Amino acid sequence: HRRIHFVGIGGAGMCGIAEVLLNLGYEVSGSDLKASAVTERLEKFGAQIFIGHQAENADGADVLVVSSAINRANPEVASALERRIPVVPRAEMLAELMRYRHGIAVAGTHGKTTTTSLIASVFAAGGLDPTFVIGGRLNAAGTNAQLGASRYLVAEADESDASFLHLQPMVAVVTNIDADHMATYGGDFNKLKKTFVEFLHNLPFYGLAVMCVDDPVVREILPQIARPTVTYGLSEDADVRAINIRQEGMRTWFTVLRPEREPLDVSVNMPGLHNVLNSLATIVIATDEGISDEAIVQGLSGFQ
């Protein structure tokens, strides 16, 4: 399959996905109700854009991406269903981008968004210009460069998303495991916890699990993770720990302890121990990746 067609390519987090797919070398087409600077950019990058929804826009497509669900009203979808051209939801195509890059999946009920951004900020300080996914929207700092150009793809992993178990990351963080989304799993918290174990088992044997052992549920499932694991937290028995936490204004300072490394003084421009924990998770990923102490310090502190 070589040509991907987006129904409503302008809106949502549709445009970012199309942009990455162009970067990967696919033929990309899309329809939308109104032309915009978003569709002009996609067209400049090689996408074929149709204004209006007629069945002939899906011609030649090997797969359709829709933003919400399959709508019989929209004729492109119905013309695809009738040719058995698969129609996949936006979120699933978004998840699969990770198979083409060195993916870093940030899971956890709370803190996914700040941790993803901290990671992207540090990697960017290290010259790596990652593409990152927050709220289903693809971003990077390069602006002129196509999304997906970096080797690195940093993405929120939401345990209530239907594609949660279809991510193929190289690195996975679990900041914490809460019962918010029990209804997704029959309303059973034990089922929810098993899904996080399953999610971590999507790592390859050479992958990394980054686990916040300050959360008692993360700590409970730790012995089931049969994947390389680095723990972090304020707990005294974490691999990567924060000590001597202090303040200077809205800036939080602390010293991070790492195995086989000297103590490193960092600071982050956001308050509360949760942003200390977000920094530790970032520090673990950057360290394993070989990023320098200078870029870790610069990425964490210059983060607004």
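Residue numbers here begin at 1 and follow the sequence given.
Looking at the other PDB entries for this protein, residue 86 is present in the model in all of those that include the residues around it, rather than absent from a third. Among other deposited entries of this protein with both flanking residues present, none omit coordinates for residue 153; it is modelled throughout, well short of a third. Between 50 to 58 and 253 to 261, it is 50 to 58 that carries the larger average Cα temperature factor according to the deposited entry. When the mean C-alpha temperature factors of 26 to 34 and 65 to 73 are read from the deposited coordinates, 65 to 73 comes out higher.
Taking the PDB entry at face value, the top CA B factor among 138, 230, 80, 157 belongs to 80.
Residues shown: 203, 211, 93, 85. Highest C-alpha temperature factor in the entry: 85. When the modelled residues of the chain are ordered by C-alpha B-factor, residue 195 sits in the middle third. In the PDB entry, a CA B factor belonging to the lowest third of its chain's modelled residues is recorded for residue 103.
Annotation for residue 12: CA B-factor lies in the highest third of the chain's modelled residues. When the modelled residues of the chain are ordered by their C-alpha B factor, residue 279 lands in the lowest third.
Residue 113 sits in the middle third of its chain by CA B factor, as recorded in the PDB entry.
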